[PDB]
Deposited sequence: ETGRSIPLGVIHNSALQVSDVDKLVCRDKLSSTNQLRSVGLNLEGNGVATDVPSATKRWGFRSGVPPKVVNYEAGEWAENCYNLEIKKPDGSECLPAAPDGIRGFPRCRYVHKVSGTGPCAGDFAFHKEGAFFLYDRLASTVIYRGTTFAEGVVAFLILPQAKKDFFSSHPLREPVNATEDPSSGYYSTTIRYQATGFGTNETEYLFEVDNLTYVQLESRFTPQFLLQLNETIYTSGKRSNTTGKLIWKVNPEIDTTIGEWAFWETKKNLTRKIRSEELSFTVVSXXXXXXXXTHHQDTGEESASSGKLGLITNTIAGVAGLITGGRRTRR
């Protein structure tokens, strides 16, 4: 056990404290001075690509899920939305409970559909973080519901005080989800796919998708076309700081070189 820390401003700096450790000059005149806020793991420098992010989550039985509310959040660049089944067709994730909606500000929504063994009743965050929904934070992942990874803080505010929204969905297929041998594919259309790499940024995927549509490199067949990208092409530090490609074909695999 431990006491839940509380943020307070003293000597022009934020400090951790608690209601029992304040001096008489600190003043709390209404419950409106207290706030709960959610901060995104994005802002701490974590890798946000789909292969790296999914390795932070895992399945576990025997632990009941828990939910806590928060009042304000941060605009997210990367969010995630999962539709995972077992190879026998059964769902791996539970439907979203009544009143739990997706995170409300996501520049990119990485939507992953696929299969895995799912050896556990619920999927938790392996580092103890939370999955942030619409002003509710949960310890587990809900099916088909957009979330951002984050953590919660509690504040006392001082007495005094001193563009639109665009969202783009990026779809993926996955096999062996949640294991050591997971493979990912970025979806151009229902029959044209790109083998995914950890180094691919969102805008690289969107522009690679554009060149495929405008160069006419989609599948013209009943069958599935999968493009591979050689190491020596360039791909677009943290998020806050073309004609040149050539396509050759070898299901059906192929390679895109510079």
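- Missing C-alpha coordinates mark the following deposited-sequence intervals, in order: 1 to 2, 165 to 183, 258 to 260, 266 to 275, 285, 294 to 331.
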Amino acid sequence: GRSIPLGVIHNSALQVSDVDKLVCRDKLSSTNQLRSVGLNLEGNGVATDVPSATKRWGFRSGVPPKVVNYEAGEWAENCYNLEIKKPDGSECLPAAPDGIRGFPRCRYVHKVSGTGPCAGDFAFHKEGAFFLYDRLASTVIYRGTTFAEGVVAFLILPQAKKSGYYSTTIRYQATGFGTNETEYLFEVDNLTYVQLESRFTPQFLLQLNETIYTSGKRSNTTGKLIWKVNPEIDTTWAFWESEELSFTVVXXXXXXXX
From here on, numbers count along this sequence of modelled residues.
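In this text, rigid core is short for the largest set of C-alphas that superpose within 1.5 Å between two forms.
- Taking the root mean square of CA deviations in 7 other deposited structures of this protein after fitting on the rigid core, 6 to 14 and 19 to 27 differ, and the farther of the two is 19 to 27.
- After superposition on the rigid core, the larger root-mean-square Cα deviation in 7 other deposited structures of this protein belongs to 223 to 231, not to the other of 63 to 71 and 223 to 231.
- For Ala160, the fraction of other compared entries lacking coordinates, among those that model flanking residues, reaches at least a third.
- Where the other entries of this protein model the residues before and after it, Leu245 is dropped from at least a third of them.
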